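**Student:** Below is the structure I would like to discuss, written out as structure tokens.
Just so it is clear, none of the values below were taken in a lab; they were calculated from the coordinates.
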Amino acid sequence: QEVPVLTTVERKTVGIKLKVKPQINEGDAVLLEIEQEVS
Amino acid sequence: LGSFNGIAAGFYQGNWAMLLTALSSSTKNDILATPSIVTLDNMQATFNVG
């Protein structure tokens, strides 16, 4: 869901924001600069 | 009286009186925190809970 705080306010999200960046290097290997949160 | 804690003993013999007062109290607290992580060397990783 998404909920607004008073900072007149803005949009705020609460959930599981899982994002990554995959880089395939060798025949078989990968690189993952991942970040996320369960809120 | 709503806040008192402990014991006190009522006595009366004619003109005098006396009230004994005592209590013992103790408190104990512990914590422990073991986080673990992996990353490459040069790039920084960061981590937090709470």
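**Student:** Do you know the relative contact order of chain B, to the nearest whole percent, from alpha carbon pairs under 8 angstrom that are 6+ apart?
**Tutor:** It comes to 23 percent, rounded to a whole number.
**Student:** Ok, one more. Which ³J(HN,Hα) values, rounded to whole Hz and listed in residue order, are derived for segment B:20-37 from phi using the Karplus coefficients 6.51, -1.76 and 1.60 in 6.51 cos²θ - 1.76 cosθ + 1.60 with θ = phi - 60°, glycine and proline given as x?
**Tutor:** In residue order, the calculated couplings are 8, 8, 6, 5, 10, 9, 8, 7, 9, 9, 9, 7, 6, 8, 10, x, 8, 7 Hz.
**Student:** Using only the Cα atoms of chain B, build the gyration tensor, take square roots of its eigenvalues as a ≥ b ≥ c, and label the shape rounded, prolate or oblate: rounded if a/c is under 1.5, else prolate if a/b is larger than b/c, else oblate. Spell out each step's value before the answer.
**Tutor:** Working: a/c = 9.90, a/b = 6.38, b/c = 1.55.
Verdict is prolate for chain B.
**Student:** Checking a compactness column here: for the protein assembly as shown, what do you get for Rg(Cα) / (2.2 N^0.38 Å), N being the number of residues? Intermediate values should be presented prior to the final figure.
**Tutor:** Details: Rg = 30.9 Å, N = 89, 2.2 N^0.38 = 12.1 Å.
Dividing the Cα radius of gyration by 2.2 N^0.38 Å gives 2.55.
**Student:** Taking the Cα centroid of segment B:1-29 and of chain A, what is the distance between the two, rounded to the nearest whole Å?
**Tutor:** Using only Cα atoms, the two centres lie 60 Å from each other.
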